[PDB]
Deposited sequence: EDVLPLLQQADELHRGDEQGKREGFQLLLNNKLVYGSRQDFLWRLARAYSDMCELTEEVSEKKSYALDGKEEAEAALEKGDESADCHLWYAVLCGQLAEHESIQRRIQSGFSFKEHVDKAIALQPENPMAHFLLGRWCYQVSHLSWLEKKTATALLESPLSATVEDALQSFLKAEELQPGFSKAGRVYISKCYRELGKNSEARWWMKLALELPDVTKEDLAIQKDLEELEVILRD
């Protein structure tokens, strides 16, 4: 649809473009809200708004309302990688309590795995799963005990994280500055300092695009000291 092409263009734009794409799709919800191809794009635009927003209650609102649109997209059919991908993203943005993070983390893993199964050549899903695995490996003993009681035990590993981050790089070299810092962290945590230094050098080559890109520059400067 022309509308959905315009929304795609605006999602790929600057901050002003992403805000316009959000309002463009909201303005069209009455007419197009029964269509899965519209719903996941509206969810995506909520996710854009959540990322661009600083004020905490406003950021939360975008993630909550976006997640409901992504759920409506998934009710239309289970075979859309885009539906599962953006549901996972919003799941993670909303989950930014331990009980709620655990249930969100279980849902995140199911949907990112389905996105990868449906569309394995999409680098973003692999990056998302790498970061999930890194976070799960880094849970405290108590947080793991709490997750095992609430859910199967969690057992994702630094190697699982590394393999997913490297798959994003293989599909799209330079996909993510944060991803390169996470690869370097993973190698250091494995005791592979030569590889960690290689990826630290490559991480320094990429620009910042996300809030996390800017935040993880702290971790990258700490690696330059550690290594």
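What ranges of the deposited sequence, counted from 1, have no C-alpha atoms in this structure?
Missing CA coords at 1-3, 100-101, 157, 234-235.
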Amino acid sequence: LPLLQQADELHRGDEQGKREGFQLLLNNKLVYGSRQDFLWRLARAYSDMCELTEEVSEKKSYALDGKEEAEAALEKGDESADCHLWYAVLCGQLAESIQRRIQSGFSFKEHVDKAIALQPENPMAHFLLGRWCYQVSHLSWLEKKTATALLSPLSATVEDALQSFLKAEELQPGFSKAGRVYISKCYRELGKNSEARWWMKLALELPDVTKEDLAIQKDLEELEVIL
From here on, numbers count along this sequence of modelled residues.
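Decide which of the stretches 56-64 and 35-43 has the higher mean C-alpha B-factor, going by the entry.
The recorded data point to 56-64.
With reference to the PDB entry, specify whether the mean Cα temperature factor is higher for 172-180 or for 47-55.
Higher mean C-alpha B-factor in the PDB entry: 47-55.
Out of 133, 89, 83, 154, residue topping the C-alpha B-factor column of the entry:
In the PDB entry, the greatest C-alpha B-factor among 133, 89, 83, 154 is found at 154.
Between 112, 124, 73, 147, which one tops the list for C-alpha B-factor in the PDB entry?
147 has the highest C-alpha B-factor of those listed.
Residue 10 CA temperature factor, ranked by third within the chain
Ranked within chain, residue 10 CA B lands in the middle tercile.
Select lowest, middle or highest to describe the third in which the CA B-factor of residue 25 falls within its chain in this entry.
Ranked within chain, residue 25 CA B lands in the lowest tercile.
Of the three thirds of its chain by CA temperature factor, lowest, middle or highest, which one includes residue 139?
Its C-alpha B-factor belongs to the middle third of this chain's values.
Which third of the chain holds residue 117 when residues are ordered by C-alpha B factor: lowest, middle or highest?
CA B-factor rank for residue 117: middle third.
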